[PDB]
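Below you'll find only one chain, the form deposited in one PDB entry, shown as structure tokens.
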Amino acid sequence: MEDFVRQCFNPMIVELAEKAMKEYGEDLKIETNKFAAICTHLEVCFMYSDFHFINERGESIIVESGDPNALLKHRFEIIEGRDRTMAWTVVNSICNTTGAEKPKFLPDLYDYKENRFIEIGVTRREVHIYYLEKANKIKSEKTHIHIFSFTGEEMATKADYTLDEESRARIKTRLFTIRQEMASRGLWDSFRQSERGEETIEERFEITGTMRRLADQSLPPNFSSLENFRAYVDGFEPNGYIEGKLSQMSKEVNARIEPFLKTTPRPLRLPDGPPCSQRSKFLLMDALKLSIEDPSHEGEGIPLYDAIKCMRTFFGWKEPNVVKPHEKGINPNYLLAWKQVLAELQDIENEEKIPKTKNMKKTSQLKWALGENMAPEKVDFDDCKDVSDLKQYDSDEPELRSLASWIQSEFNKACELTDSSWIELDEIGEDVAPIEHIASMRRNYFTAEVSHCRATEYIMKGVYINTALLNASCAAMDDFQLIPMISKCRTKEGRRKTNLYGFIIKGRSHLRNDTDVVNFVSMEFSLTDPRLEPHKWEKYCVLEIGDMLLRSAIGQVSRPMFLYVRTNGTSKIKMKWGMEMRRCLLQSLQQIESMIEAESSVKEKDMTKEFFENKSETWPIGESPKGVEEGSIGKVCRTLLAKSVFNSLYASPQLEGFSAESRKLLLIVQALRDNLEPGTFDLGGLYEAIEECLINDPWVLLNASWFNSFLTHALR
């Protein structure tokens, strides 16, 4: 039958009908009479629509061939011959522009004169039944319907026929051409009734070929095919198989509970080796401040001018000389770098306006100090294979180092009060609710407690230094840059003040990965002689740069004044995390506020004021040789803030591992102290897990010592 559509109809219509065939997903080889019927429907749609044009009037202009002009409007514009999505697109667009009603089924054409749709259907059966059939299929329709049938008859409601009658003679001539051409073909044994509305399909997902063999190799050891295994599974029913293997399984497979008593836990062993060194990016306990007493705010001002003005406030400069060498570098380079920094600072002082940011010369001194041109050149393996020295990067456990007493004192003095306010908080919306007033009062109390704390000063120092370093690295990637360490505080009298700890020289910072390292050299003034705790300054070079006179009742001290100079490095991640050190304030004060709220849930009243003023209640916050010492809530605030600050400063994988594996043991010990009969399956394994995190970090070793002390004081 398909030979007929090969022969007669034009290409355009046959591929339109083929795409309509693909539309609903049925195959053309099984039933083709539908293809012919609907392609004839589509053909009558065209032949009825084309050759029919309109101009600004009604009364369509009919031309056998559209002449070249702007007057190519089509009388009837076709609906079908398009995908369902576009057919409904045209339906909705016509409804929204023509203000007509939206039909629920697919029309075939639209006309302007009568401003409505045409649903053309030419069926094998006579018209006077198919018409009202499709009419009762369509609900309350104003779209006019018109149908032909092979006998040659026409019909329509309203007795309406919308265009010329010679066109309809055309239609029925086409119709009988179709008819008495099948006459030569002979199809009416099924042509009248060949489609009955079949819609059914079964989804087929068959495993075959290579993928089947893979299925045959992904079974238990004693199975040969997926078919057999699935049959076995379907036939499988529970018949007490877990019990049999449990009985047969060796009894050494057990989870015996070892009781956890007061005498069970042993102190954590600390590693032994050379004392632990300093790792901070700046001096914390041995910092010195040169000040100007200016009225500018933290960010307000220009760095270089402030630094120069602060440094001019000090008199007593001496020619620098080596006091304590780096022990691994070239100290003369550090000396020359310091003198170069001074010289270029003067050079800025001379000229017209202090630059906002200064670049330094790339001398051999800072070329060595900043580690320039030291990365091995990257080459290909095929060119370097016979080199005996060629091997992997050194990948082994870090060097072992024992704890020293300097970190303990540094933390002790990091929780001490100061003679300045190191936090100038921002603005918030004016409090409107009583709860907001309570929150503001609490916040004011904590700010009064923590602002005068060395932890806040360290927070500001780190934030400013890391912000400046990151910005300089991102801006001046190539050229070495000078950045004075600046921090602005407020005195007890209320006068604002600036403080200059020293200088940082940032080097080449072409940082691609988050782990890539930018090297800088840090110089900081101090008065602490490095000849008393040399092991804490393994990586520092310390010079003697001047003498300071601070008013004291013992005449006047006239102390020496040294310069701690070192080469340090950071990374994008480290800079970003060090510039978010202000969340240590959060951590600490959230803990304290949780304490206050928990206690106030007992007594139905806010308990902040008496906690902060009466200072009756105290918490164990340290141990003295006499015994455990307790301090007021403010001291707890400062201690927790210092702990968070040191966590942010000495952060490392060792800290995370020890924190987790020691929190586990802390929970076990707490369960013991709560009389909850705690038990363990392998306590030695937990101890070994904790002890492997303690390698060389001073902070984690101090935490381990604190944990041992807590165990000793606990378990009683």
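Don't overthink the numbering: it's just position in the shown sequence, from 1.
Omitted from view is the form deposited with a partner chain bound, to which the following refers.
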Review point. Can all three of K324, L482 and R566 be found with a heavy atom no more than 4.5 Å from the partner chain in the deposited bound form?
Key: no
Review point. Is there a heavy atom of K358 lying 4.5 Å or less from a heavy atom of the partner chain in the deposited bound form?
Key: no
Exercise for review: Classify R551 as contacting or not contacting the partner chain in the deposited bound form by the rule of any non-hydrogen atom within 4.5 angstroms, answering yes or no.
Suggested key: yes
**Study point:** 4.5 Å heavy atom contact, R508 and the partner chain in the deposited bound form
**Key:** no
Check your understanding: Do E613 and the partner chain come within 4.5 Å of each other in the deposited bound form, heavy atoms counted?
Key -> yes
Check your understanding: Taking the partner chain in the deposited bound form as the reference, which of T264, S291, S280, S277 has a non-hydrogen atom within 4.5 Å?
Key -> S291
Review point. Just one of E119, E524, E449, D306 has a heavy atom within 4.5 angstroms of the partner chain in the deposited bound form, so which one?
Key: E449
Check your understanding: So which stretch, 312-320, 330-338, 265-273, 126-134, is the one near the partner chain in the deposited bound form (non-hydrogen atoms, 4.5 Å)?
Key -> 312-320
